[PDB]
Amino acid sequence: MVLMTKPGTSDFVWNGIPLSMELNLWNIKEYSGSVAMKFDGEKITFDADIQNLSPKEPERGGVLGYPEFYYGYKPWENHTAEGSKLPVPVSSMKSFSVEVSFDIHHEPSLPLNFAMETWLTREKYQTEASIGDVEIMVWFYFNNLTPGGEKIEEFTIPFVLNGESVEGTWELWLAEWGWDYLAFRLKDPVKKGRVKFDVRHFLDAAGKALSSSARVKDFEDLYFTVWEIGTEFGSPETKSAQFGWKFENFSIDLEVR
């Protein structure tokens, strides 16, 4: 049982899997209202009803926070729950399946998404990402929110949605900021459902997308550090946010060559 009502990180174990939950409001200068994130052994829930919001780093634009949970090592926080099998070199990953059920609710106009991501780093345990590293996101849902940078292509990547084998069409957005940002955004966003997919398909498309970059070199030698699952929300214009979610039936399976 884990309960947090302010920003912070806590570890937990879900069906034997060591994980970390972060009530991540990294780009929020200050807020009024309440946030509550909880793990009860069977589900992780998050609820927010906050106001008086403004960006911590205004000039970078983009979102305000990212309440999430993750498996592995999150560089920015020098943190991992114990017993984690990540990070591992991208070249060593044969497959990395992620499965989770989700139910996201939100006031109608809120910029928000259901996004999962990883950070690929040159060194195994960096404490930040910079030039030469990569941030790769996978968005299964979005509302009044587009990824950063611009769309550079589309990839058809399969996955199991609510128990059925489907093919998703994913727009790939790339931005060269302090690191390389890549976001795969599903054309038919899903607000509630269950998905199972292999992160390897996204790592394969990302590596190809960057095969001529002068910034990202030797993609396959980078370390796949973590797998975060959460909901980014907000924009420089967002003054308040009312939303919440429930994640259940979580599991991952890393298979290394």
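A residue's number is simply how far along the shown sequence it sits, counting from 1.
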query: 171 to 179 versus 74 to 82: which one carries the higher mean Cα B factor per the record?
result: 171 to 179
task: Please work out which of 195 to 203 and 57 to 65 has the higher mean CA B-factor as recorded in the PDB entry.
output: 57 to 65
message: In terms of recorded Cα temperature factor, pick the maximum from 232, 49, 218, 228.
response: 218
query: Of the choices 27, 211, 45, 32, which one's C-alpha carries the largest B-factor in the record?
result: 211
field: Relative C-alpha B-factor of residue 18, binned into the chain's lowest, middle or highest third
entry: lowest
query: Thinking about Cα B factors across the chain, which third does residue 139 belong to?
result: middle
task: Please rank the C-alpha B-factors of the chain's modelled residues and tell me whether residue 190 sits in the lowest, middle or highest third.
output: highest
field: CA B-factor placement of residue 118, once the chain's modelled residues are sorted into thirds
entry: lowest
statement: Sorting the chain's modelled residues by C-alpha B-factor and splitting them into thirds places residue 166 in the highest
